[PDB]
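See structure below.
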Amino acid sequence: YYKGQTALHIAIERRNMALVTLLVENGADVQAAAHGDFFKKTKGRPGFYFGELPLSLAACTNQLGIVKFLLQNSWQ
Amino acid sequence: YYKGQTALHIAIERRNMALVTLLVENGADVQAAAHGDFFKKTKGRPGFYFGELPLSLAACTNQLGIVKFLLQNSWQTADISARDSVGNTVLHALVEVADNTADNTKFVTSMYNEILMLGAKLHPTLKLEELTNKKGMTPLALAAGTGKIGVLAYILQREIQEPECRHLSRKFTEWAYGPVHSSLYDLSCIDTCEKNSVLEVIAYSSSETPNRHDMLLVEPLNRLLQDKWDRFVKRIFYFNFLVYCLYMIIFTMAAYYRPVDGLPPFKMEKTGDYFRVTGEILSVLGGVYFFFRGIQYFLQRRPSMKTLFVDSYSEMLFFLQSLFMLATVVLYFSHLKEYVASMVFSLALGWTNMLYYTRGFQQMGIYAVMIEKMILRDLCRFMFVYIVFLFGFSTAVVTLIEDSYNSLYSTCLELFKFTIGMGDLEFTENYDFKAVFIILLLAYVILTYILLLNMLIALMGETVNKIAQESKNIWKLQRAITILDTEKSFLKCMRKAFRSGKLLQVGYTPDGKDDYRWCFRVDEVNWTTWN
Ligand SMILES: CCCCCCCC/C=C/CCCCCCCC(=O)O[C@@H](COC(=O)CCCCCCCCCCCCCCC)COP(=O)([O-])OCC[N+](C)(C)C
Ligand SMILES: CCCCCCCC/C=C/CCCCCCCC(=O)O[C@@H](COC(=O)CCCCCCCCCCCCCCC)COP(=O)([O-])OCC[N+](C)(C)C
Ligand SMILES: CCCCCCCC/C=C\CCCCCCCC(=O)O[C@@H](COC(=O)CCCCCCCCCCCCCCC)COP(=O)([O-])OCC[N+](C)(C)C
Ligand SMILES: CCCCCCCC/C=C\CCCCCCCC(=O)O[C@@H](COC(=O)CCCCCCCCCCCCCCC)COP(=O)([O-])OCC[N+](C)(C)C
Ligand SMILES: CCCCCCCC/C=C\CCCCCCCC(=O)O[C@@H](COC(=O)CCCCCCCCCCCCCCC)COP(=O)([O-])OCC[N+](C)(C)C
Ligand SMILES: CCCCCCCC/C=C\CCCCCCCC(=O)O[C@@H](COC(=O)CCCCCCCCCCCCCCC)COP(=O)([O-])OCC[N+](C)(C)C
Ligand SMILES: CCCCCCCC/C=C\CCCCCCCC(=O)O[C@@H](COC(=O)CCCCCCCCCCCCCCC)COP(=O)([O-])OCC[N+](C)(C)C
Ligand SMILES: CCCCCCCC/C=C\CCCCCCCC(=O)O[C@@H](COC(=O)CCCCCCCCCCCCCCC)COP(=O)([O-])OCC[N+](C)(C)C
Ligand SMILES: C[C@@H]1CC[C@@]2(OC1)O[C@H]1C[C@H]3[C@@H]4CC=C5C[C@@H](OCCC(CO)CO)CC[C@]5(C)[C@H]4CC[C@]3(C)[C@H]1[C@@H]2C
Ligand SMILES: COc1cccc(NC(=O)/C=C/c2ccc(Cl)cc2)c1
């Protein structure tokens, strides 16, 4: 249902870049596939598809500040 | 006239809180009933009803500052659940003053909100919106029963964000994920109120009540009915549609294959007679059903003599269809051949009453709504004027005839043919003055065929541009009545399978118990409520 979710995905959706930088630096992977039922195409079901990837969420969630941070962050 | 008034009532209306506090502290009662003629329902008379209580006046008069003062004033505080002779509390009375203007609607909702929290802060345990007046109506039912679209649209969508005052809120958000958020409406006393559900008050109401057809567009009502439709009513309606089509197929054949040799009641001789009388039995049974099913309607929906054609045009025809069936049985055992006359009007009504079942289908049901409007609006105006002309020029014509069309029927019958494209300008030579006969028919033709029929086309087009939305909303109300008449009749014992929504714990009783509420989920998206 939430199969594949991470606490990094939480922070992007809860308007929390202070903790996205916290999780990535401690080694939170930024390739994680939220390949869970809630995260697929809605097709009537109460869901939100964004791309099954952390960067994809931030782009579909309107924090361009976060988005750029994911790509020049030094840890990964 | 002013019977029951106090100088405290004066001060609230004369914009004087400095003296309201003056009068209460000296002991001016704040329960006083202005039970005087000027203070009752207007009903044409030059009055102002506010609730027959001081607190009620301040709420209907827009001094929230005064209103709060009445309830924490130390000398004496108004009883929040205090009602009037009508039984209307402040919230009841605060509905009856609504008039569905934005400046009024913005206020009444702004005020209605605030007495609730205040009553919750004073009394977290008392339930205000559940209180019922003398008649048996709540502030919610009163808003729907009286046409109050903005109040109703407020009460249903009531999301409050406060620590102690969410148990009053009705539109709950259960979860949220980015732009997606999934709301929850309550359904308490909306679908299954023991007394006067909102649906059963919008739909079993009178067209005098404004905005019947707009109230069901308030969320969650629209989504709620389409949920009953998709779940269980659509199948039953299509089934009801099938049985009626089999009924009319059967009443059609039993009519077509009627005996022609003898007088009724006829004899079972061959086998086809047995298999026909069956259809004749089954024909009558439907008439009895539609008879009782119509008596039922016209009792529990005591019809306003004008409202018959507007709200109940189809019910009138099914009932009328029934009457011709019953007259067809009275006359079949009374040996009279005139059963056929009755019987053929039943068929013609019977098949036209298929258009009833268009209301399970949007674009067909809207079309049948437009049909019944054109009949009552455009065609009745037309046919009136048409018959004045028809009868005017016929009499003229038949007065000129000498001799055979020397009859007002045949002349009226010949002049009606012009309007169905079958007019002979030479249907008589039997007269003395051809100039008169021709000038007069041409005047008839020009006035009726060239002008008035084509004017009707033009009138209809004006109507279609107007009733287009009205007819969509009358359609949804027709379907609503089907959903309600269905879920009553079908279950009528168990009333457990149509339960729209589910037990969803939304919060807590302000004492601390759990807040379980039958609630209707709605999924929604935003792209500007980014927080
Ligand atoms: C279709 C869907 C609806 C339901 C099914 C109905 C099935 C339809 C059939 C049903 C029965 C057919 C009879 C067969 C045997 C006799 C044949 C015969 O002589 O026929 C003749 C008359 O026939 C009749 O008059 C028959 C009566 C038909 C009424 C319709 C059925 C009523 C429903 C209850 C029946 C059971 C159904 C109950 C279950 C639903 C044929 O006409 P003819 O020879 O020219 O006669 C003179 C004609 N004239 C009078 C016009 C001048
Ligand atoms: C069943 C018994 C009779 C046979 C059926 C005959 C009627 C047809 C079946 C009717 C019931 C079952 C159909 C369900 C499937 C969809 C149909 C369809 O194409 O809808 C489409 C067209 O709209 C129509 O086809 C509706 C037209 C018929 C309405 C009844 C009017 C009078 C019937 C007199 C008949 C003579 C009876 C005498 C001889 C039998 C779409 O409809 P819509 O306008 O966009 O509305 C929204 C659609 N929705 C609600 C599905 C979301
Ligand atoms: C785009 C919109 C669509 C519009 C067009 C759609 C199509 C429509 C248009 C055209 C197609 C129609 C085809 C029919 C042709 C006429 C009939 C004929 O020729 O003879 C037949 C007439 O006799 C009977 O039918 C028997 C009488 C008893 C039964 C009557 C009920 C009929 C069946 C149930 C009806 C219920 C409905 C169906 C079920 C629910 C057979 O007679 P025969 O063999 O020559 O001789 C037998 C003796 N007799 C004649 C003395 C009796
Ligand atoms: C072998 C013998 C049987 C042969 C086949 C029998 C089948 C014959 C076929 C057709 C006629 C069927 C009986 C008469 C009904 C008339 C149609 C009607 O009212 O439909 C209703 C459908 O809703 C219903 O509830 C219909 C009844 C359901 C039962 C199915 C038919 C069998 C009952 C009969 C017993 C059979 C035993 C013998 C009886 C002598 C109409 O819907 P409504 O919601 O009321 O809305 C319209 C009116 N309103 C808007 C004003 C409200
Ligand atoms: C006999 C000689 C008379 C001529 C022939 C009689 C045959 C019948 C013909 C015409 C007769 C005159 C009627 C026309 C009245 C105007 C239409 C009207 O107000 O419709 C209203 C609805 O409709 C209804 O509320 C009911 C309509 C049916 C009842 C009238 C006809 C039959 C009864 C009467 C007695 C006669 C019956 C037979 C004998 C007893 C509203 O329509 P509108 O206002 O246009 O809508 C625009 C809305 N707007 C206002 C918001 C903009
Ligand atoms: C919808 C159609 C048009 C109107 C119908 C309603 C009108 C009713 C019509 C006729 C009268 C009612 C019947 C009474 C008894 C029989 C008398 C009779 O028919 O006529 C008598 C004459 O009479 C006339 O020539 C004048 C009668 C009409 C004027 C009355 C006002 C009608 C008002 C409403 C009008 C609509 C107002 C406009 C709309 C607001 C006798 O004529 P006869 O018997 O034919 O004589 C044949 C002689 N032969 C045996 C040698 C062959
Ligand atoms: C909107 C309000 C309008 C008011 C309505 C008032 C209605 C008044 C209208 C008309 C009344 C006047 C004419 C008829 C007089 C009575 C009969 C008569 O004397 O006939 C004479 C014949 O006469 C002819 O043969 C010549 C025809 C002349 C008239 C034609 C134009 C008038 C209509 C213009 C239309 C535009 C109207 C205005 C709009 C632009 C003599 O009798 P006869 O025996 O017939 O003679 C032999 C002839 N035959 C062998 C052929 C038989
Ligand atoms: C808004 C209020 C409503 C309207 C109220 C007024 C409406 C009044 C309408 C029309 C009145 C005018 C038409 C004539 C009427 C009959 C008079 C007559 O006696 O004619 C004679 C024709 O005599 C001729 O000389 C022929 C010329 C007329 C052409 C026919 C009209 C065509 C129909 C459309 C005209 C539309 C014009 C109307 C425009 C308004 C007929 O007798 P006859 O014995 O056949 O005579 C000659 C025969 N011969 C040649 C074989 C020898
Ligand atoms: C609700 C609907 C309103 C319209 C309507 O359906 C119901 O109302 C019905 C009443 C019927 C009449 C009743 C009585 C008679 C008397 C009879 O006289 C010979 C009697 C003979 C044996 O007694 C000699 O004594 C002639 C026929 C007539 C006038 C009927 C005609 C059809 C009528 C008008 C029917 C019509 C279709
Ligand atoms: C929702 O049902 C609808 C909607 C619109 C129109 C109608 N039917 C009529 O007006 C039928 C009229 C009529 C008149 C005379 C005779 Cl003899 C038979 C029938 C039904």
Side-chain angles (χ1 to χ4, degrees), chain B residues 1-101 103-105 107-116 118-119 122-123 126 128-143 145-148 151:
Chain B
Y1 184 71
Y2 284 165
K3 183 171 70 172
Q5 187 174 1
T6 63
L8 192 151
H9 295 168
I10 303 295
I12 297 165
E13 195 267 320
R14 275 72 171 177
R15 300 287 174 178
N16 194 359
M17 68 295 285
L19 275 292
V20 170
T21 186
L22 186 287
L23 278 169
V24 64
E25 66 187 359
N26 288 317
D29 52 1
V30 296
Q31 284 70 238
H35 59 90
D37 190 78
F38 179 81
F39 297 104
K40 298 290 99 182
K41 271 63 184 297
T42 58
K43 297 290 102 172
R45 292 180 295 115
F48 182 73
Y49 183 84
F50 60 85
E52 185 181 349
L53 191 150
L55 190 280
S56 296
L57 182 61
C60 295
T61 316
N62 191 357
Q63 295 82 243
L64 187 35
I66 295 176
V67 174
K68 297 187 280 187
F69 180 78
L70 275 300
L71 275 294
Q72 64 261 16
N73 50 5
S74 181
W75 294 269
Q76 64 183 350
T77 60
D79 178 73
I80 190 72
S81 64
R83 65 185 69 184
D84 57 358
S85 177
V86 180
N88 288 331
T89 63
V90 58
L91 303 173
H92 292 88
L94 185 60
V95 174
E96 289 180 345
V97 72
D99 291 334
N100 303 125
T101 61
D103 56 358
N104 191 359
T105 296
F107 171 66
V108 176
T109 63
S110 300
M111 179 59 70
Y112 182 94
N113 195 1
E114 295 291 328
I115 291 91
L116 292 171
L118 195 149
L122 295 178
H123 295 89
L126 271 294
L128 279 72
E129 289 190 353
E130 293 175 353
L131 294 173
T132 184
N133 62 4
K134 183 64 69 177
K135 292 182 181 182
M137 299 293 284
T138 59
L140 178 61
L142 184 62
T146 53
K148 269 64 191 292
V151 176

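All chains are named by letter (A, B, ...) in the order of the sequence lines, taking the proteins before the strands, and each is independently numbered beginning at 1.
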Nearest-0.5 Å distance that lies between atom OG in B/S56 and atom NE2 in B/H9: 9.0 Å

- request: May I ask you to check whether over 12 heavy atoms, not counting those of B/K135, lie within 6.0 Å of atom NZ?
  value: no

- prompt: Under 3.5 Å, is there a donor-acceptor pair between the side chain of B/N133 and the main chain of B/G136?
  reply: yes

field: Test item: B/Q31 and B/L53 side chains (from C-beta on) under 4.5 Å apart, heavy atoms
entry: no

- prompt: Is there a side-chain contact between B/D99 and B/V108, using heavy atoms and a 4.5 Å cut-off?
  reply: no

task: Could you check if a side-chain atom of B/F69 sits within less than 4.5 angstrom of a side-chain atom of B/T21, using non-hydrogen atoms only?
output: yes

- line: Looking only at heavy atoms, the pair that brings B/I66 and B/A58 closest together is CG2-CB, 4.0 Å

statement: In short, B/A98 meets B/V151 closest at the heavy-atom pair CB-CG2, 4.0 Å

task: Quick one: pull up CD in B/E25 and CG in B/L19 and give me the separation to the nearest 0.5 Å.
output: 9.5 Å

- line: Only residue of B/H35, B/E52, B/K134 satisfying side-chain contact (heavy atoms from CB on, under 4.5 Å) with B/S85 is B/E52

Check: B/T138 and B/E129 side chains under 4.5 Å, non-hydrogen atoms: no

- line: Rounding to 0.5 Å, atoms OG1 (B/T109) and CD (B/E114) come to a distance of 10.0 Å

field: Side-chain heavy atoms of B/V67 within contact of B/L55, under 4.5 Å
entry: yes

query: B/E96 and B/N88: side-chain donor and acceptor closer than 3.5 Å?
result: yes

message: For the backbone of B/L22 and the side chain of B/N26, can you confirm whether one donor and one acceptor N or O come within less than 3.5 Å of each other?
response: yes

message: Strictly distance-based, threshold 3.5 Å: is any side-chain N or O of B/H123 a donor or acceptor partner for the main-chain N or O of B/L128?
response: no

- prompt: At their closest point, which heavy atom of B/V90 faces which heavy atom of B/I80, and how far apart are they?
  reply: CG1-O, 4.3 Å

- prompt: With B/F38, which of B/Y49, B/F48, B/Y2 fulfils ring-ring contact (aromatic ring centres under 6.0 Å, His included)?
  reply: B/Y2

message: Ignoring hydrogens and geometry beyond distance, is a side-chain donor-acceptor pair present between B/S81 and B/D79 at under 3.5 Å?
response: yes

Straight-line distance of B/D84 CG to B/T89 OG1, nearest 0.5 Å: 8.0 Å

- request: Go through B/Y112 and B/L91 one step at a time and tell me if the side chain to side chain contact (heavy atoms under 4.5 Å, CB included) criterion holds.
  value: CA-CA 7 Å; B/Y112 182 94; B/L91 303 173; 3.7 Å; yes

Any donor-acceptor N/O pair, B/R83 side chain to B/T132 backbone, under 3.5 Å: yes

query: Run the salt bridge (charged side-chain N to carboxylate O under 4.0 Å, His left out) check on B/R45 and B/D37 step by step: do they pass?
result: CA-CA 9 Å; B/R45 292 180 295 115; B/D37 190 78; 2.6 Å; yes

statement: Closest non-hydrogen atoms of B/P54 and B/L8, given as atom of the first, atom of the second and distance, are CB-CD2, 3.7 Å

message: Using a 3.5 Å distance criterion without hydrogens, assess whether the side chain of B/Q63 forms a donor-acceptor pair with backbone atoms of B/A59.
response: no

task: Test side chain to side chain contact (heavy atoms under 4.5 Å, CB included) on B/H92 and B/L131 and set out the steps.
output: CA-CA 9 Å; B/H92 292 88; B/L131 294 173; 4.1 Å; yes

query: If you look at every heavy atom in B/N100 and B/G147, which pair is closest and at what distance?
result: OD1-O, 2.8 Å

statement: Rounded to the nearest 0.5 Å, the NZ atom of B/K40 sits from the NZ atom of B/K3 at a distance of 9.5 Å

- prompt: Would you say the side-chain atoms of B/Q5 pair up with the backbone N or O of B/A33, donor to acceptor, closer than 3.5 Å?
  reply: no

message: Under a 3.5 Å cutoff, is there a donor and acceptor pairing between the side chains of B/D103 and B/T101?
response: yes

Residue pair B/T77 / B/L70, side-chain heavy-atom distance below 4.5 Å: no

- line: On a heavy-atom basis, the closest approach of B/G51 and B/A93 is CA-CB, 3.5 Å

